[PDB]
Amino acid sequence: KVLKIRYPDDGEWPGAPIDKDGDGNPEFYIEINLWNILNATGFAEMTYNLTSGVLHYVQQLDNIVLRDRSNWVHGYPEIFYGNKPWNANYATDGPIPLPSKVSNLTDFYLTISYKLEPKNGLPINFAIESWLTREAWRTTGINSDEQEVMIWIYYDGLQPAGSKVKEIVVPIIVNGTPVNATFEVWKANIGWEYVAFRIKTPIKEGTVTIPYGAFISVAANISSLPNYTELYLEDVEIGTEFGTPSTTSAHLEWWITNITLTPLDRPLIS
C-alpha cells in the first residue's frame, strides 16, 4: 500500500514505478534524481501512498558537494509520465500516448494539486518539463538538434538558463478560477536547445491546470531547430529543482495529491 524510495539507502539513483493495477505498465514513475550531487549528509525520501493517493517528498541534506557547479542546481526530485530519455525508466499507463511525434499529438491539459515547503530560503522551482527527441524511444540522453521545454509554476531564487526572449499570455486555471497568466519565455543553447516558461506570479500551493500546447506551440515558434514537428514529445516530468552553487544545506518538503492529463480534441501545435 505504500511505495518508498530513499537516498542514499537505495543507491545513487533511487526511483520506482507507480503501478496501482500491478499490470507491468506504470501510471507514473518517481525519481529522487540528485543528479548534480556528488556527496551529502542526511537523506531524501519519496513516498507514495497508493491507498490514500498522496506523494510526499522529504529532504534533509547537508554537507552538499556538487558534481559540477556549472550545472547550478543540485537535483530534480520528480514524478513523470512517458519515457524519460536519460534512463530506462518509463510510465505509459495513461490517456496521452507519449512518446508521440508533436505533429500527431493531441493537445492536453495538465492539472496538478500540490503544496511546496522549501525551508530556510532554499532556492527552488516547481517545474514541469518535456524532452523532444529525434527518435521515438530515447534512453541514452539528448543531442544538440533536440529540445528541452520547461514550465515553472513556482520559483524562489532561481532564474532559467539563457536569455529572456519575451513574455506571453497563457490561460490557466488556478484554484478553480480560469485566469490569464503571464509567462516569461527564456531560451538557451546548453548542448541542446532549451526553452523555459517562467510564470510571473509564482504559485506555492493549490491546484493548477495548464494547456500544454500553448507552451509547445511557442517553443516550436521560437526554435532554431530544423523539422521541429518531427520531434517526439517523450514525457512530462514534474518536480522541484533546488539549490545553487552557494547552497550547502537543502531542506525541503512537498506533496502532490493529483496529476491529471486530459486529452482535447485539437492538435498540440497551433
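Basically, rigid core = biggest C-alpha set you can superpose within 1.5 Å across the two forms. Residue numbers run from 1 along the displayed sequence.
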Comparing 203-211 with 48-56, which has C-alphas lying farther from the shown form in 4 other deposited structures of this protein once the core is aligned? 48-56
Which has the higher mean CA temperature factor in the PDB entry, 69-77 or 145-153? 69-77
Greater mean Cα temperature factor according to the PDB record, 9-17 or 250-258: 9-17
What's the residue among 211, 226, 239, 53 with the greatest CA temperature factor in the PDB record? 226
Looking at 82, 85, 95, 178, which has the highest CA B-factor as recorded? 95
Cα B factor band for residue 26 (lowest, middle or highest third within the chain): lowest
How does the C-alpha B factor of residue 125 compare with the rest of the chain: lowest, middle or highest third? middle
Among the chain's modelled residues, which third holds the C-alpha B-factor of residue 190? highest
According to the PDB entry, is the CA B factor of residue 104 in the bottom, middle or top third of its chain, that is, lowest, middle or highest? highest
Quick one: classify residue 200 as lowest, middle or highest third of the chain based on its Cα B-factor. middle
